$ cat protein_13.pdb   # PDB, C-alpha atoms (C1' of nucleotides) and all ligand atoms
ATOM      1  CA  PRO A   1       3.346  39.927 -12.645
ATOM      2  CA  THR A   2       2.406  36.292 -12.010
ATOM      3  CA  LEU A   3       0.297  37.321  -9.016
ATOM      4  CA  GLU A   4      -1.897  39.504 -11.228
ATOM      5  CA  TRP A   5      -2.265  36.575 -13.625
ATOM      6  CA  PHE A   6      -3.637  34.589 -10.685
ATOM      7  CA  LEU A   7      -6.309  37.104  -9.680
ATOM      8  CA  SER A   8      -7.645  37.075 -13.242
ATOM      9  CA  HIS A   9      -9.366  33.760 -12.523
ATOM     10  CA  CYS A  10     -10.413  34.335  -8.910
ATOM     11  CA  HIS A  11     -13.848  34.711  -7.324
ATOM     12  CA  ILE A  12     -14.061  37.671  -4.942
ATOM     13  CA  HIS A  13     -16.075  36.749  -1.850
ATOM     14  CA  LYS A  14     -15.856  38.617   1.458
ATOM     15  CA  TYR A  15     -16.090  36.639   4.698
ATOM     16  CA  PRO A  16     -17.485  38.247   7.893
ATOM     17  CA  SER A  17     -15.780  37.872  11.277
ATOM     18  CA  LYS A  18     -16.053  34.614  13.228
ATOM     19  CA  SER A  19     -16.931  32.806   9.998
ATOM     20  CA  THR A  20     -15.834  29.450   8.585
ATOM     21  CA  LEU A  21     -13.606  29.370   5.503
ATOM     22  CA  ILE A  22     -12.183  25.911   6.189
ATOM     23  CA  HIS A  23     -14.167  23.101   7.811
ATOM     24  CA  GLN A  24     -12.258  20.019   8.964
ATOM     25  CA  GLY A  25     -14.132  17.115   7.392
ATOM     26  CA  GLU A  26     -15.262  18.557   4.067
ATOM     27  CA  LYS A  27     -13.683  18.098   0.637
ATOM     28  CA  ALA A  28     -10.907  20.414  -0.546
ATOM     29  CA  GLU A  29     -12.103  21.844  -3.863
ATOM     30  CA  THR A  30     -11.221  25.521  -3.438
ATOM     31  CA  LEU A  31      -7.889  27.313  -3.032
ATOM     32  CA  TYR A  32      -7.918  30.387  -0.792
ATOM     33  CA  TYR A  33      -5.709  33.485  -0.883
ATOM     34  CA  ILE A  34      -5.476  36.370   1.584
ATOM     35  CA  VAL A  35      -5.647  39.940   0.283
ATOM     36  CA  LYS A  36      -6.249  42.091   3.367
ATOM     37  CA  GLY A  37      -6.528  41.389   7.089
ATOM     38  CA  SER A  38      -5.383  38.332   9.025
ATOM     39  CA  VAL A  39      -6.465  34.789   9.898
ATOM     40  CA  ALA A  40      -5.610  32.243  12.596
ATOM     41  CA  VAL A  41      -5.267  28.455  12.428
ATOM     42  CA  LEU A  42      -5.512  26.106  15.412
ATOM     43  CA  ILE A  43      -6.498  22.612  16.554
ATOM     44  CA  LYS A  44      -8.349  21.031  19.477
ATOM     45  CA  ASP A  45      -7.896  18.054  21.801
ATOM     46  CA  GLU A  46     -10.393  15.810  23.592
ATOM     47  CA  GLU A  47     -11.219  18.298  26.352
ATOM     48  CA  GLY A  48     -11.453  21.803  24.913
ATOM     49  CA  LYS A  49      -7.940  23.238  24.981
ATOM     50  CA  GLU A  50      -6.835  24.883  21.733
ATOM     51  CA  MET A  51      -3.401  24.829  20.100
ATOM     52  CA  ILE A  52      -2.288  27.384  17.511
ATOM     53  CA  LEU A  53       0.451  26.087  15.212
ATOM     54  CA  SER A  54       1.218  29.175  13.128
ATOM     55  CA  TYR A  55      -0.379  32.511  12.240
ATOM     56  CA  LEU A  56      -1.095  33.638   8.677
ATOM     57  CA  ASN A  57      -1.275  37.335   7.803
ATOM     58  CA  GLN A  58      -1.973  39.179   4.548
ATOM     59  CA  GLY A  59      -0.235  38.001   1.385
ATOM     60  CA  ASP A  60      -0.449  34.375   2.487
ATOM     61  CA  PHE A  61      -2.395  31.365   1.211
ATOM     62  CA  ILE A  62      -5.077  29.374   3.033
ATOM     63  CA  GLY A  63      -5.347  25.616   2.562
ATOM     64  CA  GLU A  64      -2.729  24.765  -0.050
ATOM     65  CA  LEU A  65      -1.677  21.369   1.299
ATOM     66  CA  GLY A  66      -4.553  19.670  -0.508
ATOM     67  CA  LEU A  67      -3.227  20.667  -3.922
ATOM     68  CA  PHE A  68      -0.157  18.502  -4.513
ATOM     69  CA  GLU A  69      -1.919  15.201  -3.837
ATOM     70  CA  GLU A  70      -5.485  14.985  -5.144
ATOM     71  CA  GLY A  71      -7.871  13.373  -2.669
ATOM     72  CA  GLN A  72      -7.259  14.890   0.756
ATOM     73  CA  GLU A  73      -9.195  16.478   3.619
ATOM     74  CA  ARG A  74      -8.936  19.630   5.732
ATOM     75  CA  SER A  75      -6.206  19.191   8.345
ATOM     76  CA  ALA A  76      -6.884  21.880  10.953
ATOM     77  CA  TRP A  77      -9.593  24.474  11.589
ATOM     78  CA  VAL A  78      -9.348  27.932  10.022
ATOM     79  CA  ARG A  79     -11.456  30.639  11.666
ATOM     80  CA  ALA A  80     -11.609  34.186  10.302
ATOM     81  CA  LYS A  81     -10.044  36.462  12.918
ATOM     82  CA  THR A  82     -11.072  39.725  11.253
ATOM     83  CA  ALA A  83     -12.841  40.964   8.122
ATOM     84  CA  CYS A  84     -10.720  39.583   5.283
ATOM     85  CA  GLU A  85     -11.159  39.345   1.512
ATOM     86  CA  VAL A  86     -10.317  35.896   0.147
ATOM     87  CA  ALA A  87     -10.372  34.636  -3.443
ATOM     88  CA  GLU A  88     -11.571  31.255  -4.720
ATOM     89  CA  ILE A  89      -9.973  28.963  -7.306
ATOM     90  CA  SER A  90     -10.769  25.272  -7.773
ATOM     91  CA  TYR A  91      -7.809  22.885  -7.655
ATOM     92  CA  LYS A  92      -8.953  21.237 -10.889
ATOM     93  CA  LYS A  93      -8.536  24.411 -12.944
ATOM     94  CA  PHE A  94      -5.360  25.212 -11.009
ATOM     95  CA  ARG A  95      -3.474  22.069 -12.028
ATOM     96  CA  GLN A  96      -4.017  23.026 -15.668
ATOM     97  CA  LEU A  97      -2.282  26.347 -15.014
ATOM     98  CA  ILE A  98       0.807  24.603 -13.640
ATOM     99  CA  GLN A  99       1.370  22.389 -16.682
ATOM    100  CA  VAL A 100       1.372  25.498 -18.874
ATOM    101  CA  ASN A 101       3.153  27.731 -16.361
ATOM    102  CA  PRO A 102       5.134  26.041 -13.536
ATOM    103  CA  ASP A 103       6.200  29.525 -12.417
ATOM    104  CA  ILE A 104       2.823  29.971 -10.721
ATOM    105  CA  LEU A 105       3.621  26.970  -8.518
ATOM    106  CA  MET A 106       7.031  28.439  -7.695
ATOM    107  CA  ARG A 107       5.233  31.182  -5.765
ATOM    108  CA  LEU A 108       2.942  29.064  -3.586
ATOM    109  CA  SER A 109       5.618  26.565  -2.549
ATOM    110  CA  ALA A 110       7.918  29.510  -1.828
ATOM    111  CA  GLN A 111       6.001  30.491   1.308
ATOM    112  CA  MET A 112       5.867  26.900   2.558
ATOM    113  CA  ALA A 113       9.586  27.068   3.347
ATOM    114  CA  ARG A 114       9.460  29.902   5.883
ATOM    115  CA  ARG A 115       6.544  28.272   7.704
ATOM    116  CA  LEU A 116       8.756  25.250   8.376
ATOM    117  CA  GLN A 117      11.822  27.116   9.640
ATOM    118  CA  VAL A 118       9.918  29.006  12.339
ATOM    119  CA  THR A 119       8.487  25.720  13.616
ATOM    120  CA  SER A 120      11.521  23.422  13.607
ATOM    121  CA  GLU A 121      13.696  25.930  15.467
ATOM    122  CA  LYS A 122      10.899  26.526  17.975
ATOM    123  CA  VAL A 123      10.740  22.969  19.317
ATOM    124  CA  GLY A 124      14.268  23.215  20.699
ATOM    125  CA  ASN A 125      13.337  26.267  22.754
ATOM    126  CA  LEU A 126      10.398  24.339  24.212
ATOM    127  CA  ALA A 127      12.519  21.756  26.030
ATOM    128  CA  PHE A 128      15.433  23.675  27.549
ATOM    129  CA  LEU A 129      14.402  27.318  27.913
ATOM    130  CA  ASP A 130      12.206  28.052  30.933
ATOM    131  CA  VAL A 131       8.977  30.065  31.036
ATOM    132  CA  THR A 132      10.878  33.345  31.370
ATOM    133  CA  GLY A 133      13.092  32.582  28.378
ATOM    134  CA  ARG A 134      10.396  31.160  26.112
ATOM    135  CA  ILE A 135       7.950  34.036  26.603
ATOM    136  CA  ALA A 136      10.746  36.591  26.233
ATOM    137  CA  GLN A 137      11.566  35.338  22.736
ATOM    138  CA  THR A 138       7.870  35.244  21.839
ATOM    139  CA  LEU A 139       7.490  38.965  22.535
ATOM    140  CA  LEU A 140      10.131  39.828  19.935
ATOM    141  CA  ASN A 141       8.759  37.313  17.431
ATOM    142  CA  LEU A 142       5.273  38.835  17.507
ATOM    143  CA  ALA A 143       6.777  42.314  17.184
ATOM    144  CA  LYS A 144       8.353  41.396  13.845
ATOM    145  CA  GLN A 145       4.926  40.453  12.488
ATOM    146  CA  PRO A 146       3.411  42.890   9.934
ATOM    147  CA  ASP A 147       0.188  42.937  11.969
ATOM    148  CA  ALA A 148       2.037  44.681  14.802
ATOM    149  CA  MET A 149       1.284  48.354  15.437
ATOM    150  CA  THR A 150       4.033  50.913  16.044
ATOM    151  CA  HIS A 151       4.136  52.264  19.599
ATOM    152  CA  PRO A 152       5.854  55.454  20.872
ATOM    153  CA  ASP A 153       7.402  53.433  23.706
ATOM    154  CA  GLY A 154       7.839  50.126  21.889
ATOM    155  CA  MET A 155       5.413  47.721  20.233
ATOM    156  CA  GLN A 156       1.684  47.175  20.752
ATOM    157  CA  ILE A 157       0.278  43.697  20.120
ATOM    158  CA  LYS A 158      -3.007  41.953  20.915
ATOM    159  CA  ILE A 159      -2.758  38.380  22.196
ATOM    160  CA  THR A 160      -4.607  36.408  24.875
ATOM    161  CA  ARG A 161      -2.983  34.595  27.798
ATOM    162  CA  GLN A 162      -3.861  31.263  26.186
ATOM    163  CA  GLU A 163      -2.242  31.741  22.778
ATOM    164  CA  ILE A 164       0.993  32.609  24.581
ATOM    165  CA  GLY A 165       0.987  29.286  26.419
ATOM    166  CA  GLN A 166       0.256  27.548  23.125
ATOM    167  CA  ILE A 167       3.496  28.927  21.690
ATOM    168  CA  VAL A 168       5.815  28.509  24.674
ATOM    169  CA  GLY A 169       4.117  25.250  25.632
ATOM    170  CA  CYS A 170       2.633  25.589  29.111
ATOM    171  CA  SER A 171      -0.542  26.037  31.159
ATOM    172  CA  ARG A 172      -2.793  29.103  31.048
ATOM    173  CA  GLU A 173      -2.467  29.640  34.800
ATOM    174  CA  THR A 174       1.317  30.022  34.711
ATOM    175  CA  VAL A 175       1.113  32.622  31.940
ATOM    176  CA  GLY A 176      -1.174  34.881  33.965
ATOM    177  CA  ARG A 177       1.046  34.703  37.043
ATOM    178  CA  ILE A 178       4.291  35.740  35.345
ATOM    179  CA  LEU A 179       2.511  38.306  33.167
ATOM    180  CA  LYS A 180       1.298  40.207  36.234
ATOM    181  CA  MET A 181       4.694  39.790  37.900
ATOM    182  CA  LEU A 182       6.467  41.777  35.183
ATOM    183  CA  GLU A 183       3.896  44.547  35.622
ATOM    184  CA  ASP A 184       5.061  45.297  39.164
ATOM    185  CA  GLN A 185       8.666  45.575  37.984
ATOM    186  CA  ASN A 186       7.583  48.084  35.336
ATOM    187  CA  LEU A 187       8.679  46.086  32.291
ATOM    188  CA  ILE A 188       5.498  45.565  30.270
ATOM    189  CA  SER A 189       1.768  46.309  30.305
ATOM    190  CA  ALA A 190      -1.525  44.438  29.944
ATOM    191  CA  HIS A 191      -5.209  45.385  29.986
ATOM    192  CA  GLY A 192      -6.995  42.194  28.965
ATOM    193  CA  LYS A 193      -5.617  41.231  25.563
ATOM    194  CA  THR A 194      -3.507  44.198  24.462
ATOM    195  CA  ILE A 195       0.044  43.674  25.722
ATOM    196  CA  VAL A 196       2.425  46.614  25.319
ATOM    197  CA  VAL A 197       6.040  45.552  25.840
ATOM    198  CA  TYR A 198       8.987  47.858  26.525
ATOM    199  CA  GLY A 199      12.664  47.831  25.579
ATOM    200  CA  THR A 200      11.884  46.945  21.972
ATOM    201  CA  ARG A 201      13.499  48.999  19.198
TER     202      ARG A 201
ATOM    203  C1'  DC B   1     -47.655 -50.621 -96.447
ATOM    204  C1'  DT B   2     -43.178 -49.714 -94.130
ATOM    205  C1'  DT B   3     -40.541 -46.779 -91.929
ATOM    206  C1'  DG B   4     -38.956 -43.219 -88.809
ATOM    207  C1'  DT B   5     -38.774 -40.255 -84.510
ATOM    208  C1'  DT B   6     -41.281 -39.253 -80.429
ATOM    209  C1'  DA B   7     -44.107 -39.764 -76.155
ATOM    210  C1'  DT B   8     -45.291 -42.634 -72.197
ATOM    211  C1'  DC B   9     -44.257 -46.146 -69.503
ATOM    212  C1'  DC B  10     -41.822 -49.350 -66.667
ATOM    213  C1'  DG B  11     -38.154 -51.261 -63.688
ATOM    214  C1'  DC B  12     -33.882 -49.922 -62.337
ATOM    215  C1'  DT B  13     -29.679 -47.766 -60.358
ATOM    216  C1'  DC B  14     -29.194 -44.045 -58.269
ATOM    217  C1'  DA B  15     -28.719 -40.199 -54.731
ATOM    218  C1'  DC B  16     -29.885 -39.374 -50.338
ATOM    219  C1'  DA B  17     -32.788 -39.079 -43.061
ATOM    220  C1'  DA B  18     -32.089 -31.738 -39.437
ATOM    221  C1'  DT B  19     -36.647 -30.200 -33.171
ATOM    222  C1'  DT B  20     -33.177 -29.027 -28.780
ATOM    223  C1'  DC B  21     -29.829 -31.024 -23.369
ATOM    224  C1'  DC B  22     -29.145 -34.830 -19.661
ATOM    225  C1'  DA B  23     -29.713 -39.019 -16.316
ATOM    226  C1'  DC B  24     -30.223 -44.465 -14.956
ATOM    227  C1'  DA B  25     -29.348 -49.568 -16.491
ATOM    228  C1'  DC B  26     -27.215 -53.642 -19.638
ATOM    229  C1'  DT B  27     -23.832 -56.674 -23.489
ATOM    230  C1'  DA B  28     -20.090 -61.519 -27.983
ATOM    231  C1'  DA B  29     -19.318 -67.528 -31.790
ATOM    232  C1'  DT B  30     -15.312 -70.253 -35.033
ATOM    233  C1'  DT B  31      -9.954 -73.665 -38.919
ATOM    234  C1'  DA B  32      -7.213 -81.723 -36.000
ATOM    235  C1'  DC B  33      -2.593 -82.757 -33.296
ATOM    236  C1'  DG B  34       2.119 -84.109 -32.533
ATOM    237  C1'  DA B  35       7.264 -84.217 -33.340
ATOM    238  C1'  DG B  36      11.256 -81.592 -34.634
ATOM    239  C1'  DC B  37      13.407 -77.283 -35.460
ATOM    240  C1'  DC B  38      15.777 -72.611 -34.820
ATOM    241  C1'  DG B  39      14.904 -68.671 -32.403
ATOM    242  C1'  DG B  40      15.482 -65.017 -28.581
ATOM    243  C1'  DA B  41      17.136 -63.923 -24.230
ATOM    244  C1'  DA B  42      17.241 -65.952 -18.437
ATOM    245  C1'  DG B  43      20.283 -62.576 -16.826
ATOM    246  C1'  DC B  44      25.284 -65.463 -15.781
ATOM    247  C1'  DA B  45      29.969 -63.545 -14.374
ATOM    248  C1'  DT B  46      33.376 -61.538 -16.776
ATOM    249  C1'  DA B  47      36.520 -57.330 -17.520
ATOM    250  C1'  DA B  48      38.215 -53.137 -19.047
ATOM    251  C1'  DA B  49      38.765 -47.845 -19.865
ATOM    252  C1'  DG B  50      36.058 -44.825 -19.018
ATOM    253  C1'  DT B  51      33.106 -42.121 -16.491
ATOM    254  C1'  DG B  52      30.690 -39.990 -12.505
ATOM    255  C1'  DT B  53      29.779 -41.148  -6.933
ATOM    256  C1'  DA B  54      30.584 -41.497  -2.429
ATOM    257  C1'  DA B  55      33.575 -42.144   2.291
ATOM    258  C1'  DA B  56      35.842 -38.345   5.215
ATOM    259  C1'  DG B  57      41.643 -36.277   5.461
ATOM    260  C1'  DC B  58      43.765 -31.578   7.039
ATOM    261  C1'  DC B  59      43.408 -26.607   5.464
ATOM    262  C1'  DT B  60      41.203 -21.632   5.459
ATOM    263  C1'  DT B  61      37.315 -18.884   6.091
ATOM    264  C1'  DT B  62      32.578 -17.753   8.868
ATOM    265  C1'  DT B  63      30.236 -17.757  12.584
ATOM    266  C1'  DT B  64      28.378 -18.152  17.910
ATOM    267  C1'  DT B  65      30.198 -18.614  22.018
ATOM    268  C1'  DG B  66      32.302 -17.397  26.571
ATOM    269  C1'  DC B  67      35.373 -14.271  28.023
ATOM    270  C1'  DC B  68      37.747  -9.663  30.549
ATOM    271  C1'  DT B  69      37.304  -5.214  32.184
ATOM    272  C1'  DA B  70      38.143  -0.035  30.764
ATOM    273  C1'  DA B  71      35.068   3.414  30.447
ATOM    274  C1'  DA B  72      30.265   5.091  30.355
ATOM    275  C1'  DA B  73      25.489   4.543  32.115
ATOM    276  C1'  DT B  74      22.630   4.091  36.314
ATOM    277  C1'  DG B  75      19.228   4.085  41.270
ATOM    278  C1'  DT B  76      19.598   5.530  46.819
ATOM    279  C1'  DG B  77      15.314   9.023  48.839
ATOM    280  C1'  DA B  78      14.212  13.143  51.399
ATOM    281  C1'  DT B  79      13.677  18.515  50.183
ATOM    282  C1'  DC B  80      13.059  21.897  47.377
ATOM    283  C1'  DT B  81      11.797  25.285  43.752
ATOM    284  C1'  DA B  82       9.626  25.721  38.856
ATOM    285  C1'  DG B  83       6.028  22.832  36.746
ATOM    286  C1'  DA B  84       1.738  20.447  35.929
ATOM    287  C1'  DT B  85      -4.106  18.987  36.553
ATOM    288  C1'  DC B  86      -8.948  18.745  36.742
ATOM    289  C1'  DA B  87     -14.338  20.942  36.495
ATOM    290  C1'  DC B  88     -17.483  24.281  34.198
ATOM    291  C1'  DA B  89     -18.112  29.776  37.230
ATOM    292  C1'  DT B  90     -17.804  33.891  35.813
ATOM    293  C1'  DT B  91     -15.507  37.530  33.181
ATOM    294  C1'  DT B  92     -13.369  39.095  29.133
ATOM    295  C1'  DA B  93     -12.417  41.075  24.294
ATOM    296  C1'  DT B  94     -13.499  40.041  19.091
ATOM    297  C1'  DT B  95     -15.558  41.797  14.830
ATOM    298  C1'  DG B  96     -20.461  44.882  13.603
ATOM    299  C1'  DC B  97     -25.879  46.652  14.233
ATOM    300  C1'  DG B  98     -28.502  50.334  14.679
TER     301       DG B  98
HETATM  302  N1  LIG C   1       1.727  25.348  11.096
HETATM  303  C1  LIG C   1       1.098  25.834   9.998
HETATM  304  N2  LIG C   1       1.659  26.807   9.244
HETATM  305  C2  LIG C   1       1.046  27.298   8.151
HETATM  306  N3  LIG C   1      -0.155  26.875   7.717
HETATM  307  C3  LIG C   1      -0.831  25.905   8.376
HETATM  308  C4  LIG C   1      -0.227  25.317   9.581
HETATM  309  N4  LIG C   1      -1.092  24.391  10.033
HETATM  310  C5  LIG C   1      -2.158  24.386   9.193
HETATM  311  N5  LIG C   1      -2.003  25.288   8.205
HETATM  312  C6  LIG C   1      -2.971  25.550   7.110
HETATM  313  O1  LIG C   1      -4.303  25.239   7.550
HETATM  314  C7  LIG C   1      -4.951  24.538   6.490
HETATM  315  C8  LIG C   1      -6.087  23.609   6.888
HETATM  316  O2  LIG C   1      -6.604  23.069   5.667
HETATM  317  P1  LIG C   1      -5.641  22.438   4.529
HETATM  318  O3  LIG C   1      -5.305  21.006   4.874
HETATM  319  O4  LIG C   1      -6.298  22.519   3.170
HETATM  320  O5  LIG C   1      -4.305  23.341   4.571
HETATM  321  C9  LIG C   1      -3.852  23.718   5.862
HETATM  322  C10 LIG C   1      -2.663  24.653   5.914
HETATM  323  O6  LIG C   1      -2.587  25.429   4.716
END
$ encode --input "protein_13.pdb" --output "structure tokens"
Amino acid sequence: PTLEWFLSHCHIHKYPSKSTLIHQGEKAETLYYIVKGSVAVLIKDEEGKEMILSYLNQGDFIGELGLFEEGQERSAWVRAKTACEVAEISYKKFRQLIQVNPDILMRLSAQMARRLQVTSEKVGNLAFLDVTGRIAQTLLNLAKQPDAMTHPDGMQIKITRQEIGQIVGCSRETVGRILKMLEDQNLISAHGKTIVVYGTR
DNA sequence: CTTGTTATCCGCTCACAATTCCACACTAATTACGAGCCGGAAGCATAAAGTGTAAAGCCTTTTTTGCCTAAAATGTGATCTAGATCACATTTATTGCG
């Protein structure tokens, strides 16, 4: 449909792992779209602690905020998590496609609504719910993600002990303590990054 | 031889000054006077209907002030679990290469 009409003017260019698709400081002159794989977006402070806002899997767009208002810069950093195939379309030639077919814009701004609902309703849980409650909800949220692999016992995901604290809002030390505590009670499992939870499904 | 028109000459009335900015300093003479006349206005107070101004005399509406106190917001500090904090040491999992 409209999606196929979008790939007719794209520029196929594969990006290796640990690459740089979006550099905070450069000029936004290329729209990116995810075909296969996944990518992560995060920011940094003055020390070195990271902070992931939201994850973007396949079928999502990369850097679309610098399209509505011409003359902007890259907000956050976008590092390629895994081998992903991303297209390339200049914003200049994109604006001409909207004036002749606004329907194409109805697709991009359609995914910008869900990314706001999962963030606004998350703040409330990061002010009342304790560590046990915040992490508990996170386990189910990551299980609903398409990048999650089906497990005979439950769900198998791969996330570090830092990214967890960046979602529930806490220190990295606290995460490791509770994580190992649930292991003794036979509730979940962890072997570095891969965390297999139980009770799901 | 005398006459005409024509050409040359003169004095005359006639038409006719064009390289381009600024500064400093300086400058005007003369018709006889006196007495009598009517003129405008000096601005005087007057006075009136008409007009537009300038006191402040109680009403009504707004706006700051001081008021009361019923109901909601606010420290007391010593103990106690769930939270946070640094640096930069060492250990860990990411996508490939060969
Ligand atoms: N919380 C978020 N949810 C979804 N996308 C994001 C989020 N934060 C940053 N991004 C994307 O990261 C991109 C960084 O570059 P852009 O400003 O071009 O566009 C930004 C967004 O598209």
$ residues_near_ligand --input "protein_13.pdb" --ligand "ligand LIG 1 (chain C)" --cutoff "6 Å" --atoms "all atoms listed in the file" --output "MDAnalysis selection string"
chainID A and resid 41 53:54 62:66 74:77 115
$ closest_residue --input "protein_13.pdb" --among "A:44, A:9, A:151, A:191" --to "chain B" --atoms "only C-alpha atoms (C1' of nucleotides)"
A:191
$ atom_distance --input "protein_13.pdb" --atom1 "atom CA of residue A:31" --atom2 "atom CA of residue A:49"
28.3 Å
$ resolve_selection --input "protein_13.pdb" --expression "the PyMOL selection byres ((chain B) within 10 of (chain A))" --output "list in words"
residues 82, 83, 84, 85, 92, 93, 94, 95 and 96 of chain B
$ closest_residue --input "protein_13.pdb" --among "A:84, A:37, A:79, A:68" --to "residue A:14" --atoms "only C-alpha atoms"
A:84
$ resolve_selection --input "protein_13.pdb" --expression "the PyMOL selection byres (((chain A and resi 122) around 12) and not hetatm)" --output "count of residues only"
25
$ closest_residue --input "protein_13.pdb" --among "A:51, A:28, A:56, A:78" --to "residue A:172" --atoms "all atoms listed in the file"
A:51
$ decode --input "protein_13.pdb" --residues "stretch 26-40 of chain B" --atoms "N, CA, C and O atoms (P, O5', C5', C4', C3', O3' and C1' of nucleotides)" --output "tab-separated table (two decimals), in the first residue's frame"
chain	number	residue	atom	x	y	z
B	26	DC	P	33.05	90.57	8.90
B	26	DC	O5'	32.78	91.71	7.81
B	26	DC	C5'	33.70	92.78	7.65
B	26	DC	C4'	33.37	93.58	6.40
B	26	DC	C3'	31.94	94.07	6.31
B	26	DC	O3'	31.81	95.33	6.97
B	26	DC	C1'	32.57	93.05	4.26
B	27	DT	P	30.38	95.79	7.53
B	27	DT	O5'	29.70	96.48	6.26
B	27	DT	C5'	30.36	97.54	5.59
B	27	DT	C4'	29.59	97.96	4.35
B	27	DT	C3'	28.16	98.39	4.60
B	27	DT	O3'	28.11	99.77	4.93
B	27	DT	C1'	28.24	96.86	2.78
B	28	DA	P	26.77	100.41	5.53
B	28	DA	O5'	26.18	101.22	4.28
B	28	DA	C5'	25.04	102.06	4.45
B	28	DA	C4'	24.79	102.88	3.20
B	28	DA	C3'	23.60	103.83	3.28
B	28	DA	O3'	23.99	105.06	3.88
B	28	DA	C1'	23.47	102.58	1.28
B	29	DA	P	22.89	106.15	4.25
B	29	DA	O5'	22.94	107.15	3.00
B	29	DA	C5'	22.11	108.30	2.97
B	29	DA	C4'	22.48	109.20	1.80
B	29	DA	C3'	21.60	110.43	1.63
B	29	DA	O3'	22.07	111.49	2.47
B	29	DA	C1'	21.80	109.32	-0.43
B	30	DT	P	21.13	112.74	2.80
B	30	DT	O5'	19.93	112.58	1.76
B	30	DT	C5'	18.77	113.40	1.88
B	30	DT	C4'	18.23	113.78	0.51
B	30	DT	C3'	16.80	114.29	0.51
B	30	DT	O3'	16.77	115.69	0.78
B	30	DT	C1'	17.09	112.67	-1.21
B	31	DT	P	15.54	116.33	1.57
B	31	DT	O5'	14.53	116.75	0.40
B	31	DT	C5'	13.33	117.43	0.71
B	31	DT	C4'	12.58	117.83	-0.55
B	31	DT	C3'	11.27	118.57	-0.32
B	31	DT	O3'	11.51	119.96	-0.18
B	31	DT	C1'	10.94	116.82	-1.89
B	32	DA	P	10.41	120.88	0.53
B	32	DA	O5'	11.26	122.14	1.04
B	32	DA	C5'	12.33	121.96	1.97
B	32	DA	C4'	11.98	122.55	3.33
B	32	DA	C3'	10.99	121.75	4.16
B	32	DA	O3'	11.30	121.89	5.54
B	32	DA	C1'	10.06	123.86	3.64
B	33	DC	P	10.59	120.95	6.63
B	33	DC	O5'	9.66	121.98	7.43
B	33	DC	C5'	10.22	123.16	7.99
B	33	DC	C4'	9.13	124.06	8.55
B	33	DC	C3'	8.37	123.49	9.74
B	33	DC	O3'	8.26	124.48	10.76
B	33	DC	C1'	6.84	124.10	8.04
B	34	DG	P	7.75	124.07	12.23
B	34	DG	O5'	6.26	124.64	12.26
B	34	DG	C5'	6.02	126.03	12.11
B	34	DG	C4'	4.55	126.31	11.88
B	34	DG	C3'	3.61	125.78	12.96
B	34	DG	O3'	2.78	126.83	13.44
B	34	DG	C1'	2.85	125.13	10.80
B	35	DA	P	1.88	126.60	14.75
B	35	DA	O5'	0.39	126.55	14.15
B	35	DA	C5'	-0.14	127.70	13.49
B	35	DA	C4'	-1.49	127.38	12.87
B	35	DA	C3'	-2.53	126.81	13.83
B	35	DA	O3'	-3.81	127.36	13.55
B	35	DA	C1'	-2.21	125.32	12.03
B	36	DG	P	-5.02	127.13	14.57
B	36	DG	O5'	-5.95	126.09	13.79
B	36	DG	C5'	-6.55	126.46	12.56
B	36	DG	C4'	-7.17	125.26	11.87
B	36	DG	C3'	-8.17	124.48	12.71
B	36	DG	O3'	-9.40	124.34	12.00
B	36	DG	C1'	-6.58	123.01	11.74
B	37	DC	P	-10.68	123.70	12.71
B	37	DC	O5'	-10.76	122.24	12.06
B	37	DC	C5'	-11.00	122.09	10.67
B	37	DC	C4'	-10.72	120.67	10.21
B	37	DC	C3'	-11.49	119.59	10.95
B	37	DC	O3'	-12.76	119.39	10.34
B	37	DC	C1'	-9.19	118.99	10.79
B	38	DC	P	-13.93	118.66	11.15
B	38	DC	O5'	-13.64	117.11	10.89
B	38	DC	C5'	-13.52	116.62	9.56
B	38	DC	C4'	-12.85	115.26	9.54
B	38	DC	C3'	-13.65	114.14	10.20
B	38	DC	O3'	-13.65	112.98	9.36
B	38	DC	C1'	-11.49	114.26	11.16
B	39	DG	P	-14.48	111.68	9.77
B	39	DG	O5'	-13.35	110.67	10.26
B	39	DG	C5'	-12.38	110.19	9.34
B	39	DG	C4'	-11.22	109.51	10.06
B	39	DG	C3'	-11.63	108.40	11.01
B	39	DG	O3'	-11.72	107.17	10.31
B	39	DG	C1'	-10.08	109.86	12.08
B	40	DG	P	-12.55	105.95	10.93
B	40	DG	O5'	-11.52	105.28	11.94
B	40	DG	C5'	-10.23	104.87	11.49
B	40	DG	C4'	-9.31	104.60	12.66
B	40	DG	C3'	-9.72	103.43	13.55
B	40	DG	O3'	-8.59	102.63	13.87
B	40	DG	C1'	-9.48	105.37	14.86
